[PDB]
Every structure is written in C-alpha cells, then in structure tokens.
Amino acid sequence: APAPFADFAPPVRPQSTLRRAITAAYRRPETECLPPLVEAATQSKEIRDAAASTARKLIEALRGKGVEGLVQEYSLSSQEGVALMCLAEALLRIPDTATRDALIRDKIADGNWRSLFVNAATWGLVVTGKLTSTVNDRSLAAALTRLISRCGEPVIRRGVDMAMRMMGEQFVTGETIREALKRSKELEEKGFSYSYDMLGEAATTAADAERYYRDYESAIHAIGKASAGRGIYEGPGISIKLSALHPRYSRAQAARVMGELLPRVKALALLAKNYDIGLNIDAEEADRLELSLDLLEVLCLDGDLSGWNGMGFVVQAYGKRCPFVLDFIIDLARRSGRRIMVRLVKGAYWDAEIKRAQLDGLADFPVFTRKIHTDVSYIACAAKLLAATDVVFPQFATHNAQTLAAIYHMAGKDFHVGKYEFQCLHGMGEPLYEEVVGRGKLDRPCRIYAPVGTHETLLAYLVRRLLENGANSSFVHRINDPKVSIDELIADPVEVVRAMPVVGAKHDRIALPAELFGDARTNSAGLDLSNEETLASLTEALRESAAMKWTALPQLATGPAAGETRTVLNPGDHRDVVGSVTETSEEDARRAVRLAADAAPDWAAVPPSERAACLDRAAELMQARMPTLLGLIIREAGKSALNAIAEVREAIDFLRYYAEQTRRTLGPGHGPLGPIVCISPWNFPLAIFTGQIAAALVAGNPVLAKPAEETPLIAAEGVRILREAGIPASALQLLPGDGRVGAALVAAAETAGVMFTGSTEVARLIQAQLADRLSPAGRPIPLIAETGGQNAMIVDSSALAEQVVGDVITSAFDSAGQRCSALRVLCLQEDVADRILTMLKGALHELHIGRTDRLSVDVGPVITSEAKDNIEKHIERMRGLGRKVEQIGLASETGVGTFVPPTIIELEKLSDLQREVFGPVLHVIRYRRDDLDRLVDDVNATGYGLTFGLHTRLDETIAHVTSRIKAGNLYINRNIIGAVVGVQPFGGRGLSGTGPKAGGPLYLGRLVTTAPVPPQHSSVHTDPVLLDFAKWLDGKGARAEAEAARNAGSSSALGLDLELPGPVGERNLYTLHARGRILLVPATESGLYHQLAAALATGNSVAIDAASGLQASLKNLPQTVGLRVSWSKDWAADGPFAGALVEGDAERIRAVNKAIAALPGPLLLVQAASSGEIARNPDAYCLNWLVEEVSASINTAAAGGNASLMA
Ligand SMILES: Cc1cc2nc3c(=O)[nH]c(=O)nc-3n(C[C@H](O)[C@H](O)[C@H](O)COP(=O)(O)OP(=O)(O)OC[C@H]3O[C@@H](n4cnc5c(N)ncnc54)[C@H](O)[C@@H]3O)c2cc1C
Ligand SMILES: NC(=O)c1ccc[n+]([C@@H]2O[C@H](COP(=O)([O-])OP(=O)(O)OC[C@H]3O[C@@H](n4cnc5c(N)ncnc54)[C@H](O)[C@@H]3O)[C@@H](O)[C@H]2O)c1
Ligand SMILES: O=C(O)[C@@H]1CCCO1
Ligand SMILES: [Mg+2]
C-alpha cells in the first residue's frame, strides 16, 4: 500500500536556480515588476529622438496608403453587412461554382433564402470592429431579407466575391500548405521570409492529436522541399502548438507529457533538422509556460538533434516571468551550444488570463494589466536579447511602429542576416513591414507568420486576431482612429511609465481576484497547482495531514460523549485508514437537543455583528488551514486536489457571505427559531455542512450538526474550527452517525427547524415526520430541503464542439459525477450528434481514475460499495435493454477501493431514466431542431429542476429555452457545476428543492421568526392579475381585503432582476419568478381573499380546496383572475404544486399539513396562519416564500474574447 501523497506531484526535474527565479515571478505584484523593466528599457536621449522620427516616418507612410466599400456602395446597415457576409460564407461552402451561381440567381436573389449566422460574431468583428458573445439571429434574418429584397443578385455577388477574397487570401495565406507556399513567392522576392502554422490547437482526443501531428509532419516535408537548402534564416520555417499534439497537455499530466508528447515533438524536430528549417514552439496559456520549458530543455540537450539551430521558442512580454524565462533560455543555449531562435511577442491570451486568475482566486495575475506595462516589458526584454545575439537569434514580432522603431535603433548600425529579424502576422503587418524590408527602406528582414487551413479549422485563431484588431489599446486599431494623433502614437512607453505617480500600478478597473466583491467581503483564495513552489509546499502539507490522528466524536454542550467507534477508510483504497468516528446514541442525540434548547436564549443574546465576527474568524482559520483541510477531504471523500480546493473555498465563501448578509439585515425583531437540526450529505462534506450550520448559527439559532455517516472527520474539523472562532460549545454540537441519528434529532420535541441537503427520498421521510409537528405557536416547523437533480444540457448545431466536450466531461465526470449539479442527460441536435459523441468518447478515454492522492488523477472513487453496486446495476440494466454503453477501462490498482468507470449511455427517450443516478454516468439523447420545445417539455417532465445547461450562439434559442425551462440554476455556454456563493446562488425547484437558495439573499430570512428585508430585495413591477383581483374585491365591497391586495402587490419582489458582481467574461443574473400553482386551503372567506392576494401578487396560479365550501365567495371573477384559479377536490390529482397556504386553528393546520405531505412529488413549502393572525398581521403569509429564485450564469467570453476588456 503506497504511502499517502508520497507521489503527489514530483517535478519533471530538480528546479535549477534559473528555473526557481522564473517561478518566483509568476504572480509578482505589478509595482515590483516594472522598475527593473523601466531601467532595462531606458535608452539615450539621442536614440529616443531618433526612434520617434523613425516611428513618425513609418506611421505617416502607413496612414498615407473592401468590406467598408461594400457597405458604402449598397448603403448597408451594420447588421445587413454582417448578414450578407454570413450568406456569402454559406454560399462558398457550395463547391460547384455553377451550382452556387444558379442558386444565387434563381433562388436566393428571388426571395426566400444549421443557422446561416453561426459565425456572425466573427463577421460582426470584421464589419463593426465590435465583439458580441452571441448572435441576434432574428435581427440578422430580417436584415438579410431586407437587403436582398432591396438590392437583389448584385449585392449577393459582391458579398460572395468579398468573402472569397478575405477567407482565401486575407484570413489565411492558403487553404493548404502547397497553396500557401505558391503564394509566398511574391513577398519572398521582396525580402520577407515565412513561418507556416497548420491551424490547430487544444486537441480534445488522441485522434485529434494524431491529425495535428500528421498535418505538421506533412507541412515540414513541403516547407523543407521548398526551402531547398536556404537554411533557417533565409528560408521558411514552421510553427507548432504543443496543445495540438496531446489531449492532456498540462502540469497535472506532466508524466504523460514527457513520455508521450516529447517524442512527438522530437520526431518533428528531427525532420526539420534534416531539411534545415526553423521549427518554432508557439507560446500559449500562462499555466503551460514552465511545462513547455521542460520540453525545450530535453530537446536542446538531445544529441540526436545536434547540428541544427532551427529550434525556436516564443516568450510573451505581457508575462511577468518574461525576463527570467529569457535568462533561462539564454543559459540553455550556452549549455547546449544551440543558437535558440527566440520569438519575442507581447501575448495573445490576455483577456483569458484575467478571467482565469479571478475564477481561481489566485494571488495576482500572471500578466500585466496596463497595456503600457507590456510595452515596457517588451523593450526591456529586447535589450536583453540584443546583448546575446551570439548565442540566440532574436525575432521581434510586433505590428507597433513605435515598438519597432525603438528596437531598430536599439540594435544599432551593425547588421547581417542571421543577427536578428522582425516578424509579423499575415494580413496584418505587411503595410508596416513594406516600409522596413529592403535596401531602400530600413534593410531589416521580416518573417511572416502564415496560417494555413480551411475556414473550419480557422475560428479560434481568427477571433484572437479580430479582437486584437478592434481592441481600443491596439496599435493597429489606433493607427486607423482619426482621433489619435501621430504624437500620441510615437509616445515613448518607457518615459510615460517612468513619470507615473505609482510606477507599475495595477489597472484601476480590473479587480484582483481577492477583491471581486469589493467592500462586501473578501473572496476566498485558491491555490495554483501549476506553481512548483506551491506543489512542493502542498506535497509536504498533504503528507503531514495523512499523519494526523483524525477523529470525530459526539461533541455535546457538556463535553464529548461515548459511543460506538469505527475506522474511516479511504474510498479509493480501503487499506488507507483515515481516522476514527464515534457515533451518537439516540439517547445522546435527544439530550443534545435539550441542551441546545437550554442554551438558545444565551446564543440569541449575542448581537448579530458578533455572531458574524465568529463566522469571519472561522473563514480566516479555514483559509489558513486549507492545505491540511485539502489532505483530509482528498482521503476521506475521494476528492481530487482541484475538487478539494473548490470545497474549502466554498466553505470560506459561505462563512463570509452569511456574515455579511447578517450585518446587512438582522436586528432585534428578527428572533431566532430555536434549535435547528442541520443534516448534510457526504458529497460536499465541508462546504454544504459549513454553509447550513453557519447560516443557522449567525441567525441566532443553536445548531445540532449531523454530518453524513460517510464523511464525519472533515465535519468534526469544521466544528472544531467554528468553536475555535468563538462559537460556544452549547451553540454548536456535533452528532456523528447514520440516518437514525438524523431521525432522532428531527423527532426531538424542541427541534424548531430543519436544514436538510441530501436525496429527495430522505427529504420526503423528514417531511413526513414533521407533518404531525407544530411549534409552540402552533405553526409548521420550517424545513429547507435541497435535494437531487436530473440535470440536462441542450446543445444545438451552432455550438463549438470542443467547448461542449470540455464542459460535458467536467460537468458529468468531475468528482465521479457525485455532484448534485452534475450533468446527467446530454441532448444533442441530430445534425451534430455523431461528431460530438465521437469527440466525447475520445475525451472520456484520456481520464485518469484512481486514488486521489496524486495530482495526475482526474476522477476518484465512488463513496461506498453500496453506491458502486447501485450505480453498476443501473448501467447493466441499460446495457440489457440494448443501449450503447461506453466505459473507460480501469487500472488493476482500483481493486483496493470502490470505483465506477466514467460511462456514456446512449438513450432512445428521456423517459428511459427514472430517478437520479448519483455517479459517473452520462446519458445522451438526440433531437431534431423543430422538436426543441418538446424536448424542453421532456426535461421539465422529470419533475426535477436543479441545474440546466445550454450551448448555443443564437439569441433566439437562448430566449426560447431559458424562458421555458424550469430549473433553479441555468448556465449558458459553460459547465453546469458552478455554485459560487453570492454569484450563482444555488438551489432548485420541484423534486430538487424547497428553497430558499443557499448562498443567496433569502436564506437567512428562513431561519428567523420574522424575515428581514434582504439587500436589493424589491420590485417596481405589480402583477396585473393581482390588480384585477383587488378591483374585483372593491366591487364586491371587500374594501379592507382590496387594500391588503394592493399592499401585497407593492410588497412583492416578483420581477426582481439583478446582475451580481463576479469575474470578468461572465454575466451572473438573479431573478425572482412565480413558483407555479399554489395550493390554497382556506377556512374563511376573508382568509381566502388574503391567500389569493398573496399568491397572485407573486405571479402564481392557485388550486383552492373545494372542501372549504367557499365557492360562493368567488362569484363573477374577471376572466384574467379566473384563468389563474382552479378548484380541487382531489389535491393529489391536480398537482404538482409549488407551495401551499393554509388557514385554520392548530389542529386544522396539523391535519392539512399531514394531507399535504402525503401528496406525490415535490416537497411543498407550506405556510399556515389562523384567521386571527390573518386579521392582525399583514405578513401572516410571507411573500419571500411565494416567489422562485432563478440564477443564470452566461459565459460572455465564449466567442473567444472579452468585449468589455476590449474597450
Ligand atoms: C509573428 C507573430 C507571432 C506571434 N506568436 C505568438 C505566440 O506564440 N503566443 C502569443 O501569446 N502571442 C503571439 N504573438 C502576439 C499576439 O498574437 C499579438 O500579435 C501581439 O500581442 C500584438 O502586439 P503588438 O506589438 O503587435 O501590438 P500592440 O497594439 O502594441 O500591443 C497589443 C498587446 O498588448 C497586450 N495588452 C493589451 N491590453 C493589455 C493590458 N490592459 N494589459 C497588459 N497588456 C495588454 C496584449 O499582449 C496585446 O496583444 C505573435 C505575434 C506575431 C506578430
Ligand atoms: N440540492 C443540493 O444543493 C444538493 C447538494 C448536494 C447533494 N444533494 C443530493 O444529496 C444526495 C447525496 O448525498 P447523500 O448520499 O449523503 O444523501 P442522503 O439522502 O443519503 O443522506 C443525507 C443525510 O441525511 C441523513 N439521513 C438518512 N436517512 C435519514 C432519515 N431517515 N432521517 C434523517 N436523516 C437521514 C444521512 O445520514 C445524511 O446525513 C444526492 O441525491 C444529491 O443530489 C443535493
Ligand atoms: O495563435 C495565436 O493567436 C498567436 C499568434 C501567432 C501564434 O500565436
Ligand atoms: Mg445515504
């Protein structure tokens, strides 16, 4: 049995002094990076003046020398131009040129012309220079009809010829490498050279990686044949992306990268060596930089590649590590004797790096945040390169004439071909470099980066270009802006930075990850698993955590209690004993509730701000102890390191969010319920456990904490931390054990409320036990019950398959599918289903399943043998019905634990599924586009309503689907497992939950006897049926009830529509809707009128108990109100309901509550009042619990860029 964490994340090699200097700079504060760059980039006054003259001369030449002309000639609006180019693109997909021309002439031009507008975001950038994440396809369809009806065939022909020029000649150098080489003759004769890129990146499967390899290999042959001995400086070369060549290119898979990716790069390099051409490794995301250095090191030390100086490597000047990376590379060049070709660039992934660091809660960004800082960094790094031209070959890639001029003069008057060169991108830099290359200009060579491929393979690269072209900060954008003077364009960034008040200050309008929520609270901090210092320190902390004697005991107010004790075994290896749990006797569970009741007044008397300070102190302790907490979660609950970071971060965020919500709301009149029983699931064993307890405690209630029997150790540590933070032992008691302990707690006489997260079936048993119970005030015991899901994602033919597959693999198989939010049913539009399914199965087989104490493990075990047996029986039944089943093969080492292999099951109908299957099992169905609305019905028809995902680029489809789906958490163009506290308030409806949402603003109000007004909780909307009903009441003479109705209409927050603060590149929305049909059980006419006002003011329909005998009280209702009202004799026949309102004395409420609990389907949030309370208290029925919260998270970077960060 291997020692825990002894092989967690060993580095590829021992980190040298130079490598450690790189890692030290990874996220260094921007004010510390800039001063040495300013000093390195400083040049003499004479050179600065000379460079400004050269830059002015270049810019004047640029400004002094076809889509806009098409827009002008045919008077096209912006949308008409975009729509026309989408049509032209689609027409060009027809190969037979006469067949296309006849479709144009006879069918398109004459009238009624996969959505035509799938790529409109790209054409929008071409036409308008602005980026939209999604496409208004109804606007584009109207615009195309208008322009064709106005201008006919001529405008279509002009669009086709314009698209053909841009797509065949401007976006790519050629469709094939042979085409690109033939077209390179012209500029090679004028002094340019080329580096060809077979478009391709981010391989999803082994098959994709092999396709990109053979693309590269065939291009090396063609380029080498064409080079015909010109060598690495005067002849052409190739550029490659490491992410194209392996589907798991990441630090977490470093062993596979060195064992599988490295030999592939070596084979390509050997072929480049034989032809003597350059082979450049492009630079990609920040978390791949240092990994790529390990490949560079091995290749440059490999004797089989000796004699060849064509190996090249990009370094990104927008990165904080750039000068230290250059020190490492220059030293490697000296050690190896290879003259490494070093392409200095600014960087292509800036928007994505900002979003990623914010999402991961890291200490700082790995890139600069002011564009001028990247400019200074570039010039400083150029000075370093120009001092080492004997050992490296610098390649200065830039379109910025000021940057170019600065380097041209920095390099001085001595030049020979091979000393250094400039570089530019095809279709962007030729105007500038035609003023540079050649004896009549500056006589310096330029290498053109030449993309090669078809329109399909071109998307991602193209959008990075178009964003670059349209960004306000870009030289190529500003050169075209008439409001930008030449003097502004030649301003020296080095001197501009030197003169700023704080050299290197972070951008004013970009939040550090810790500051995403501003003054409200501090964001939880994560850990960078790509940082070698972090991995080394985490390895030691994880090993030390495995040496600790973790225990969980019954912790009563009076001290620990005795009980039956057993070991807790690692689910991924039952030989690894994690700790010991002593479980609670049912006698002691009852004693704990009595002690809680006795301690309730003392805890309620602690003022809310001091209760909140306890939560904040506990969050600080959890943040500080995160490495140790990670180790426990990994071993007790089968979580990977990434899963466990997210778990601890979530717990910190609950603590701080409920603390701040308390400070915003709770006062003396918001009295506590009393002892609250908190029952929690195994699968989020710290986060959900902490959240329920923290909310109940901070609302002034003493808590009985009953963790899942599977995961008591991390729960005990959470309680220990909360007690250390100041929660008195009498206010927070830990009762480990199984469902018998939970049931004994729920049944205890002094239990004043229950917070339950777990399976729907268990929630239903708790509902049943509470149905016969009333508070001393004669009201129902509040239950929050957050339950299972049957979560779907719908994917149409406009989605990007590579994005879909990544979000599907994560959503379905993260934590072995043991997330309540996990993707259970993937719904694929029929026309793209085969291609996406094939990619999904390929991605499935790249997952590593095993004991989770290794960074390389993607998917861990299931929690118990019973869970495994339950999941496997579902798979084998599906297999026995004839469904296609795909499964990863598991390594023999999984035999010591309880593992289920990630599984894909292809279903015929969505009704093939009954209940939630809580494991790594993805079901797939296909649909025809015209049946989309029916499909949404089928998804709704399960009765669940937790998470839901949609991948589409089409606004019409977003508006349709999101308006019809009934789920609590929606996700657009991203994974569906997001639950960031206060950003995606989390919780569903129907079989998935009663509400209110955890991590949302209505939560604390359920835990007090009088709910406060939540922050931002109001709406100016008034339900119109409520208004009609209030007028009807006035017509009937019920003046007091009509006034109460109007007041309910105003007080309702139905229609609240908020955007919540969060990371860039995301919109996170929070809205309040009707719940659905509310069951009304009135006793009196006036009670009925008040119940109906409450339900209508919150947008609901109603079913009214016919046994009330109150039918004569609703004579001659307006039709608008009548449409919302039904009478029910058999309640169980007319559901499902979404809540209930009850009127009566205590025994009537008890009897009705029992009848309601017996209704099939969802747990109902029931509110009860006596006739007298309805008369006395306008809030007898609380409108908070008659609306439904919906959270929607939209990935606005999904088109490949961030429009907000463009401006
Ligand atoms: C031949 C060639 C090859 C290239 N290869 C790669 C590569 O392998 N990997 C890669 O990542 N890039 C690469 N690039 C760079 C990238 O694709 C862009 O072309 C380049 O960053 C634009 O820089 P510039 O000097 O032309 O223009 P500029 O207008 O001078 O500079 C724009 C750049 O500033 C940076 N920037 C913008 N806003 C901010 C901000 N708020 N804070 C900090 N920085 C900011 C970005 O890097 C942006 O691209 C390459 C460029 C060329 C010409
Ligand atoms: N809606 C959400 O936010 C959410 C979040 C996480 C998990 N879940 C759901 O949780 C489930 C998985 O967690 P689980 O397997 O630990 O759930 P579970 O229903 O098996 O157990 C949950 C808790 O209830 C206790 N319990 C069992 N029987 C009881 C009884 N008769 N009376 C009182 N308490 C009893 C258990 O001991 C445990 O602490 C899944 O169905 C998942 O979808 C929902
Ligand atoms: O892929 C990109 O966008 C950059 C530019 C060229 C290579 O790396
Ligand atoms: Mg269970």
# chains A, B, ... in the order shown; residues from 1 in each chain; ligands from 1

$ closest_atom_pairs --of "chain A" --to "ligand 4" --cutoff "9 Å" --atoms "only C-alpha atoms and all ligand atoms" --output "tab-separated table"
residue	atom	partner	partner_atom_place_in_ligand_line	distance
A:681	CA	ligand 4	1 (Mg)	7.6
A:682	CA	ligand 4	1 (Mg)	8.0
A:708	CA	ligand 4	1 (Mg)	7.6
A:709	CA	ligand 4	1 (Mg)	8.1
A:710	CA	ligand 4	1 (Mg)	8.5
A:738	CA	ligand 4	1 (Mg)	8.2
A:739	CA	ligand 4	1 (Mg)	7.6
A:758	CA	ligand 4	1 (Mg)	7.7
A:759	CA	ligand 4	1 (Mg)	7.4
A:762	CA	ligand 4	1 (Mg)	8.0
A:867	CA	ligand 4	1 (Mg)	8.9

$ residues_near_ligand --ligand "ligand 1" --cutoff "7 Å" --atoms "only C-alpha atoms and all ligand atoms" --output "number ranges by chain"
A: 282-284, 314, 316, 318, 345-350, 367-375, 397-400, 403, 423-425, 448-449, 468, 473-476

$ atom_distance --atom1 "atom CA of residue 702 of chain A" --atom2 "atom CA of residue 669 of chain A"
17.6 Å

$ select_by_dssp --residues "segment 156-301 of chain A" --states "strand (DSSP E)" --output "list in words"
residues 193, 194, 195, 196, 197, 198, 237, 238, 239, 240, 279, 280 and 281 of chain A

$ residues_around --residues "residue 341 of chain A" --least-positions-apart "5" --cutoff "7 Å" --atoms "only C-alpha atoms" --output "ChimeraX atom specification"
/A:310-313,392-394

$ write_last_selection --atoms "N, CA, C and O atoms" --output "mmCIF file, in the first residue's frame"
data_model
loop_
_atom_site.group_PDB
_atom_site.id
_atom_site.type_symbol
_atom_site.label_atom_id
_atom_site.label_comp_id
_atom_site.auth_asym_id
_atom_site.auth_seq_id
_atom_site.Cartn_x
_atom_site.Cartn_y
_atom_site.Cartn_z
ATOM 1 N N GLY A 310 17.707 25.298 -35.772
ATOM 2 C CA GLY A 310 16.369 25.753 -36.112
ATOM 3 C C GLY A 310 15.327 25.695 -35.014
ATOM 4 O O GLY A 310 14.216 26.194 -35.227
ATOM 5 N N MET A 311 15.630 25.130 -33.844
ATOM 6 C CA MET A 311 14.631 25.088 -32.780
ATOM 7 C C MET A 311 14.338 26.497 -32.276
ATOM 8 O O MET A 311 15.260 27.258 -31.945
ATOM 9 N N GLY A 312 13.042 26.833 -32.208
ATOM 10 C CA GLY A 312 12.618 28.160 -31.814
ATOM 11 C C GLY A 312 11.564 28.112 -30.724
ATOM 12 O O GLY A 312 10.869 27.114 -30.536
ATOM 13 N N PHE A 313 11.450 29.225 -30.001
ATOM 14 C CA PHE A 313 10.630 29.259 -28.791
ATOM 15 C C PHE A 313 10.132 30.677 -28.562
ATOM 16 O O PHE A 313 10.920 31.623 -28.615
ATOM 17 N N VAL A 392 21.737 33.423 -29.070
ATOM 18 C CA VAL A 392 20.358 33.211 -29.503
ATOM 19 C C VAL A 392 20.105 34.080 -30.725
ATOM 20 O O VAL A 392 20.850 35.015 -31.014
ATOM 21 N N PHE A 393 19.038 33.747 -31.446
ATOM 22 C CA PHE A 393 18.615 34.516 -32.610
ATOM 23 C C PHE A 393 17.311 35.224 -32.273
ATOM 24 O O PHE A 393 16.251 34.583 -32.261
ATOM 25 N N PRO A 394 17.336 36.526 -31.957
ATOM 26 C CA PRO A 394 16.093 37.214 -31.571
ATOM 27 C C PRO A 394 15.204 37.483 -32.771
ATOM 28 O O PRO A 394 15.674 37.844 -33.851
#

$ select_by_dssp --residues "segment 959-1077 of chain A" --states "helix (DSSP H, G or I)" --output "number ranges by chain"
A: 959-964, 990-992, 1004-1007, 1024-1035, 1039-1051

$ residues_near_ligand --ligand "ligand 2" --cutoff "8 Å" --atoms "only C-alpha atoms and all ligand atoms" --output "PyMOL selection string"
chain A and resi 679-684+688+706-710+737-746+756-763+765-766+785-789+818-821+916+918+946+986-988+992-993+998

$ atom_distance --atom1 "atom CA of residue 587 of chain A" --atom2 "atom CA of residue 776 of chain A"
23.1 Å

$ atom_distance --atom1 "atom CA of residue 1141 of chain A" --atom2 "atom CA of residue 1079 of chain A"
6.3 Å

$ closest_residue --among "A:1152, A:207, A:1193, A:506" --to "residue 845 of chain A" --atoms "only C-alpha atoms"
A:207

$ residues_around --residues "residue 141 of chain A" --least-positions-apart "4" --cutoff "8 Å" --atoms "only C-alpha atoms" --output "compact mmCIF listing (two decimals) with N, CA, C and O atoms, in the first residue's frame"
# COMPACT_ATOMS: atom_id res chain seq x y z
N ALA A 83 -24.98 40.16 -41.98
CA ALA A 83 -25.83 39.12 -42.55
C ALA A 83 -25.38 38.74 -43.95
O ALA A 83 -25.41 37.56 -44.31
N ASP A 137 -29.91 36.37 -34.08
CA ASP A 137 -30.19 35.77 -35.39
C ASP A 137 -31.51 36.25 -35.99
O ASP A 137 -31.67 36.21 -37.21
N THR A 145 -33.11 39.51 -45.41
CA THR A 145 -34.32 39.66 -46.22
C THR A 145 -34.42 41.07 -46.77
O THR A 145 -34.71 41.27 -47.96

$ decode --residues "segment 173-192 of chain A" --atoms "N, CA, C and O atoms" --output "compact mmCIF listing (two decimals), in the first residue's frame"
# COMPACT_ATOMS: atom_id res chain seq x y z
N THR A 173 -2.96 32.40 -45.37
CA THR A 173 -2.07 32.51 -46.51
C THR A 173 -2.47 31.52 -47.59
O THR A 173 -2.28 31.78 -48.79
N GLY A 174 -3.02 30.38 -47.19
CA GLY A 174 -3.51 29.40 -48.13
C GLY A 174 -4.34 28.37 -47.42
O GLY A 174 -4.25 28.20 -46.20
N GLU A 175 -5.17 27.67 -48.21
CA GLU A 175 -6.01 26.61 -47.67
C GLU A 175 -5.20 25.35 -47.39
O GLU A 175 -5.51 24.61 -46.45
N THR A 176 -4.17 25.10 -48.18
CA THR A 176 -3.25 24.00 -47.98
C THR A 176 -1.83 24.55 -47.94
O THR A 176 -1.57 25.66 -48.41
N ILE A 177 -0.90 23.75 -47.42
CA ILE A 177 0.49 24.22 -47.35
C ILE A 177 1.05 24.44 -48.75
O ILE A 177 1.87 25.34 -48.97
N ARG A 178 0.59 23.66 -49.74
CA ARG A 178 1.09 23.85 -51.09
C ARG A 178 0.60 25.17 -51.68
O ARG A 178 1.37 25.89 -52.33
N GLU A 179 -0.67 25.49 -51.44
CA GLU A 179 -1.22 26.78 -51.85
C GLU A 179 -0.50 27.93 -51.16
O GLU A 179 -0.14 28.92 -51.80
N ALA A 180 -0.25 27.80 -49.85
CA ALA A 180 0.45 28.86 -49.11
C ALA A 180 1.87 29.08 -49.63
O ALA A 180 2.33 30.22 -49.77
N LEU A 181 2.58 27.99 -49.94
CA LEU A 181 3.93 28.13 -50.47
C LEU A 181 3.94 28.82 -51.83
O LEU A 181 4.84 29.61 -52.12
N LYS A 182 2.97 28.51 -52.70
CA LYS A 182 2.95 29.16 -54.01
C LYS A 182 2.71 30.65 -53.87
O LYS A 182 3.30 31.46 -54.59
N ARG A 183 1.88 31.05 -52.91
CA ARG A 183 1.57 32.46 -52.72
C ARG A 183 2.67 33.22 -51.99
O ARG A 183 2.65 34.46 -52.00
N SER A 184 3.62 32.52 -51.37
CA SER A 184 4.71 33.17 -50.65
C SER A 184 5.81 33.67 -51.56
O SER A 184 6.68 34.42 -51.10
N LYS A 185 5.81 33.26 -52.83
CA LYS A 185 6.87 33.65 -53.76
C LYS A 185 6.97 35.17 -53.88
O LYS A 185 8.08 35.72 -53.91
N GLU A 186 5.83 35.85 -53.94
CA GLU A 186 5.83 37.29 -54.20
C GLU A 186 6.63 38.04 -53.14
O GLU A 186 7.58 38.77 -53.46
N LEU A 187 6.29 37.83 -51.87
CA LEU A 187 6.94 38.58 -50.79
C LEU A 187 8.32 38.05 -50.46
O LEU A 187 9.18 38.81 -50.00
N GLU A 188 8.60 36.77 -50.72
CA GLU A 188 9.96 36.29 -50.55
C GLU A 188 10.92 36.98 -51.51
O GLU A 188 12.09 37.19 -51.17
N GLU A 189 10.44 37.37 -52.69
CA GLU A 189 11.27 38.10 -53.64
C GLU A 189 11.52 39.53 -53.19
O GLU A 189 12.52 40.13 -53.61
N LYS A 190 10.66 40.09 -52.34
CA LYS A 190 10.85 41.43 -51.81
C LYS A 190 11.62 41.45 -50.49
O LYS A 190 11.84 42.54 -49.94
N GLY A 191 12.03 40.29 -49.97
CA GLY A 191 12.88 40.23 -48.80
C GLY A 191 12.25 39.59 -47.58
O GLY A 191 12.95 39.42 -46.57
N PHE A 192 10.97 39.24 -47.63
CA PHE A 192 10.33 38.59 -46.49
C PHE A 192 10.69 37.11 -46.44
O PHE A 192 11.12 36.50 -47.43
